[PDB]
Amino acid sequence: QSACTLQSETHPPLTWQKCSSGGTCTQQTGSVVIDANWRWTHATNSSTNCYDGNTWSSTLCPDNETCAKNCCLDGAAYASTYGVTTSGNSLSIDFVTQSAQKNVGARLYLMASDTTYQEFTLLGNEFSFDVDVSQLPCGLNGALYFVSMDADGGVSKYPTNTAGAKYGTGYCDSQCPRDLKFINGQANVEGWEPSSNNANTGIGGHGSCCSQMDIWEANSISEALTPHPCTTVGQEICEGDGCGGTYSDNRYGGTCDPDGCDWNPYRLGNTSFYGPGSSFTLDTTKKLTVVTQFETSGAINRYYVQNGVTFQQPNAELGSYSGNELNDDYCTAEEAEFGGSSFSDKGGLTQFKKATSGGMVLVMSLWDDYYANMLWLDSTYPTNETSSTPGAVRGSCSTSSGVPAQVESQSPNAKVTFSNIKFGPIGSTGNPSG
């Protein structure tokens, strides 16, 4: 796709701290850009939509190539249309924003410049951020994570994409998303099947795969940390069901692990660590600091801070595994206890290390789940299982919670606020900000 300018594109600024092993941190100034899927896609020479509701223009878009040639992405009114605002080192995303149309959440990328994404090399470093999940009930997810996307959003590899990072193109993740309207400079109209429950979405014949470091998938009820490996580290197109993931009938596709080696304290047995109010170690009605460290061995460590009090990731005993570090032994023990082989089949932490050794783009979003109602995160899943089934219970939400239409109607004013992002060598982000 190309870019049009009927609506100006002004990325909301966002500062973050870059810290050094020497004990100091200096401010960095970037901004955030919304993913292409949320934008208006119209004919290059008029205001005629190329995509409207959940269907493509059969005339402007008879095939993937003709569509990309005829269509462009336009600018976004961040606040009024998408409920996205920033203030210094803070970013807030509203759940439901009503303007000419209804919008649900957003997926944003941290940019280095107005035309490029900021890349982060995680291995040997740590990522810290503050988050207020107090306004996120069951069924919602204010996610913060990393994906192996190209800094230009795909422009150099696919000439037919001239919109680039400035218009949020180039997305990929471990689900090998087939819901994307443009992948590799081409539309995804061929094979498009509209969603039966979502008026704005569908699933195309192609998907976009890549490694994903799911640092934070959470709401006020549950939270998870999950690395997802892929046989090919960076962004790569996939065909139909071979894509696997949430959008295909067979989730175990040929390149990415859609499950991951997840770590949810509640799922592991500690039901008193994270939740709303004073009866939990971490009170989700108040802001908290989340720190994730990526040691060179390939293992992942984590600690939290609230009201100045520090808490390492709680210990978990699973099979022969015991501890609080997300390592090979943990992931192997989890598959043995909870079942599955997806993570190890895709190479595990060794394969995942190949992604953290290279650059990854920061993603911040707010979304509800049209495929599983966020049950895999905050409830019992599958819903027919009981607490006796190892790993079934991941949170205290009812198995009837999270229906998109219901949560959007009942909690339209829900929101998530990410702030004070700090990145640097392990042991440095706790030092004074510049």
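Start at 1 with the first residue shown and count on from there.
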- Comparing 359-367 with 192-200, which stretch shows the greater average C-alpha B-factor in the deposited entry? 192-200
- With reference to the PDB entry, specify whether the mean Cα temperature factor is higher for 371-379 or for 56-64. 56-64
- Note on the structure: Top Cα B-factor in this entry, restricted to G277, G298, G139, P314, sits on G298
- Message: By the CA temperature factor listed in this entry, which of these ranks top: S31, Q406, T48, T399?
- Response: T48
- Message: Ranking the modelled residues of this chain by C-alpha B-factor as given in the entry, is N161 in the lowest, middle or highest third?
- Response: highest
- Message: Based on the deposited C-alpha B factors for this chain, I'd like to know if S8 is in the lowest, middle or highest third.
- Response: highest
- Entry-reported Cα temperature factor of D94, expressed as the chain third it lands in: middle
- Item | Ranked C-alpha temperature factor of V131 among modelled chain residues, by third | middle
- Message: When the deposited Cα B-factors of this chain's modelled residues are ordered and cut into thirds, is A79 in the lowest, the middle or the highest one?
- Response: middle
